[PDB]
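> Here is the sequence, then the experimental structure:
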Amino acid sequence: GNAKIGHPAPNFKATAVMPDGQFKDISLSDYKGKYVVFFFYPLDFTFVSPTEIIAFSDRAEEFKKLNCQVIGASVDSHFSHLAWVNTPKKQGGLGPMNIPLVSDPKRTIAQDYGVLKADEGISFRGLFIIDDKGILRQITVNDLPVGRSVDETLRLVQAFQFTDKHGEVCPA
Amino acid sequence: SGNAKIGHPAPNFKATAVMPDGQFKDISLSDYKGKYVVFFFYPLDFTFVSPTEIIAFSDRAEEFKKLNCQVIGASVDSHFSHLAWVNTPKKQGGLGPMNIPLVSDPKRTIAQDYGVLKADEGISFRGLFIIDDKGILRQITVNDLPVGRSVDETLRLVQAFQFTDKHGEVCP
Ligand SMILES: COC(=O)[C@H](CO)NC(=O)N[C@]1(C)CC[C@]2(C)CC[C@]3(C)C4=CC=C5C(=CC(=O)C(O)=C5C)[C@]4(C)CC[C@@]3(C)[C@@H]2C1
Ligand SMILES: COC(=O)[C@H](CO)NC(=O)N[C@]1(C)CC[C@]2(C)CC[C@]3(C)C4=CC=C5C(=CC(=O)C(O)=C5C)[C@]4(C)CC[C@@]3(C)[C@@H]2C1
């Protein structure tokens, strides 16, 4: 792919299901000025991904406190995303979301980020930390069965922000 | 770039390492078939963030041994540089005695194979790779230089891959 540490993260423009339940076309560049956590999950209506998606959504305020936007993505259609959002949580659904969920039906965003599982047209569990200038700072890719940690993601975002500011602090 | 792809054999290498007993030995990734491997790069010796990471993995090597997991560190520095850093006591800014081997990659080919060579600076990013007992790459982690890695998170991942290896694999 085109995701390289220290280089601009690949832009994308894609339809997402937004927290209000409506569809909107969004771009990574919409979020310049904020840190971004951009994470891929394989498919809707699965059993490892909902733990991650719900954790990032439940804890969205902790990312907001770090001026950090979280965005999820999968190759499944935006209609499929909303169907899972609208599935009651007690039946295995996501429930209302605090983060947008991008649809990548052409697989070009996963390819751009180097996380397409080519023999099975879905993304690996890629997670990318992009700074406020659009520069890629961190790459995480898990094989399909193993999920990610919101605690670890917050540790990384905060640490990148602290090290960003080091030489810019008052010299008193 | 690089040849490190999830679900494919992790790129083999054969290189000089400083072993835990303080002596040089030429080792290969394939030496560790039958065990999980955590293989991690750091930018160069005698630095300031890297020793904290190296010493943390070394100090906690027994937690990986309990998981039948070998930890291996690497950088582009010469094998003599590694030994001098080990031979410098921790209280004077060195590593002190190590429980993990440290691989030397002076031709930069291992860093290139794993896709973590930083262009025109001749050093690796903070790459970390989880390789299963069959030699297959399961996890990719790459941090930009200012932010270190977590032993807790690495153990979480190794444990999670070993957990999911227990159910549903092609050979009963
Ligand atoms: C007329 O234009 C202006 O006033 C502009 C601002 O717009 N100031 C400006 O250019 N200062 C200059 C000339 C240029 C910038 C530097 C060299 C670098 C930072 C600086 C050492 C420094 C950093 C940290 C605080 C400081 C004092 C505090 O009371 C405090 O709370 C904080 C947190 C001081 C100690 C005040 C002086 C300081 C700002 C100087 C002085
Ligand atoms: C499949 O080959 C056979 O069963 C032949 C008869 O044809 N038996 C055979 O060699 N038995 C022996 C001698 C004895 C039985 C054991 C020790 C145990 C299972 C085994 C590790 C094992 C399990 C799972 C697959 C395997 C290879 C594949 O290509 C595959 O798709 C699948 C799903 C392999 C890796 C092939 C070797 C394997 C069968 C050996 C070898």
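It's in. Residues are numbered from 1 along each chain as shown, chains lettered A, B, ... in the order given. Ligands and ions are numbered 1, 2, ... in the order given.
> Check which residues of stretch A:8-26 are buried.
Neighbour-count burial for stretch A:8-26 flags A:9, A:10, A:12, A:14, A:15, A:16, A:17, A:18, A:26 (criterion: 16 or more other Cβ atoms under 10 Å in any protein chain shown). C-beta: built from backbone N, CA, C; applies to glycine.
> Could you pick out the residues of chain A near ligand 1 for me?
Residues of chain A lying close to ligand 1 (Cβ under 6 Å from any ligand atom) are A:170, A:171, A:172.
> Tell me the one among the residues you listed nearest to ligand 1.
If you rank those by distance to ligand 1 using Cβ to the nearest ligand atom, residue A:170 comes first, at 2.7 Å.
> For the closest one, grab the count of nearby residues.
Residues lying near residue A:170 (other Cβ atoms under 10 Å in any protein chain shown) number 4.
> what do you get for residue A:161?
By other Cβ under 10 Å, 17 other residues sit near residue A:161.
> biggest helix in chain A by residues?
In chain A, with assignment by DSSP state H, the single longest helix is helix A:150-165.
> got the buried residues for that helix?
Judged by neighbour count (16+ other Cβ under 10 Å), helix A:150-165 contains these buried residues: A:150, A:152, A:153, A:154, A:155, A:156, A:157, A:158, A:159, A:160, A:161, A:163.
> Just flag the most distant two among these.
The span of the buried residues of helix A:150-165, defined through Cβ to Cβ, is set by A:150 and A:163 at 20.5 Å.
> on that earlier part again, show me the buried residues of stretch A:8-26 that map onto strands.
Within the buried residues of stretch A:8-26, residues falling in strands by DSSP state E are A:14, A:15, A:16, A:17, A:26.
> from the residues you listed, which is closest to chain B?
residue A:14 (22.8 Å; Cβ to the nearest Cβ).
> how far away is the closest one from residue A:73?
According to Cβ to Cβ, to the nearest Å, residue A:14 stands 7 Å off from residue A:73.
> Return every residue with contacts to both of the two.
With contacts defined as Cβ atoms under 8 Å, 6 or more residues apart in numbering or on different chains, the residues shared by residue A:14 and residue A:73 are A:102, A:103, A:104, A:109.
> Contacts only, for the third one.
Taking Cβ under 8 Å, 6+ apart as the contact definition, residue A:104 lies against A:12, A:14, A:40, A:73, A:74, A:75, A:110, A:123.
> Any chance of CSV for those, columns distance to residue A:22 and secondary structure?
Output for the contacts of residue A:104, formatted as CSV (distance: Cβ to Cβ, whole Å; DSSP: H, G, I helix; E, B strand; the rest coil):
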residue, distance to residue A:22, secondary structure
A:12, 19, coil
A:14, 15, strand
A:40, 22, strand
A:73, 17, strand
A:74, 18, strand
A:75, 21, coil
A:110, 24, helix
A:123, 24, strand
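> Just the buried residues of those residues.
Using 16+ other Cβ under 10 Å, the buried ones in these are A:12, A:14, A:40, A:73, A:74, A:75, A:110, A:123.
> Touching, the first one and residue A:109? I think so.
Yes: contact criterion Cβ atoms under 8 Å: residue A:12 and residue A:109 qualify, at 4.7 Å.
> Quick check: neighbours shared by the two?
Residues touching both residue A:12 and residue A:109 (Cβ under 8 Å, 6+ apart) are residue A:102.
> for chain A, what spans make up the strands?
A:13-17, A:23-27, A:35-40, A:68-74, A:101-103, A:116-117, A:122-123, A:125-130, A:136-142.
> need the residues of chain A near chain B, please.
A:5-6, A:117, A:124, A:137-143, A:145-147, A:149, A:152, A:155-156, A:159-160, A:163 (Cβ under 8 Å from any Cβ of the partner chain).
> hmm, which of the residues you listed are the buried ones?
A:5, A:117, A:124, A:137-143, A:145-147, A:149, A:152, A:155-156, A:159-160, A:163.
> What number of residues are in the vicinity of residue A:78?
Other residues near residue A:78 number 22, with proximity taken as other Cβ under 10 Å.
> Just confirm it contacts residue A:103, I think it does.
Yes: using Cβ under 8 Å, residue A:78 is in contact with residue A:103, at 4.0 Å.
> which neighbours do those two share?
With Cβ under 8 Å, 6+ apart, residue A:78 and residue A:103 have common neighbours A:15, A:16, A:17.
> quick one: contacts for the second one?
Applying Cβ under 8 Å, 6+ apart, one finds that residue A:16 lies in contact with A:23, A:24, A:25, A:26, A:71, A:78, A:81, A:100, A:101, A:102, A:103.
> Widest-spaced pair of the shared contacts of residue A:14 and residue A:73?
Greatest spatial distance in the shared contacts of residue A:14 and residue A:73: A:103 and A:109, 9.2 Å, computed using Cβ to Cβ.
> of the two, who's got more company?
residue A:109 (26 against 22).
> From residue A:139, how far off is residue A:74?
Using Cβ to Cβ, residue A:74 is found at 18 Å from residue A:139.
> who's residue A:36 bridged to?
Assessed by DSSP bridges, residue A:36 has beta-bridge partners residue A:69, residue A:130.
> In contact with it, which residues?
By Cβ under 8 Å, 6+ apart, the residues touching residue A:36 are A:9, A:28, A:68, A:69, A:70, A:71, A:128, A:129, A:130.
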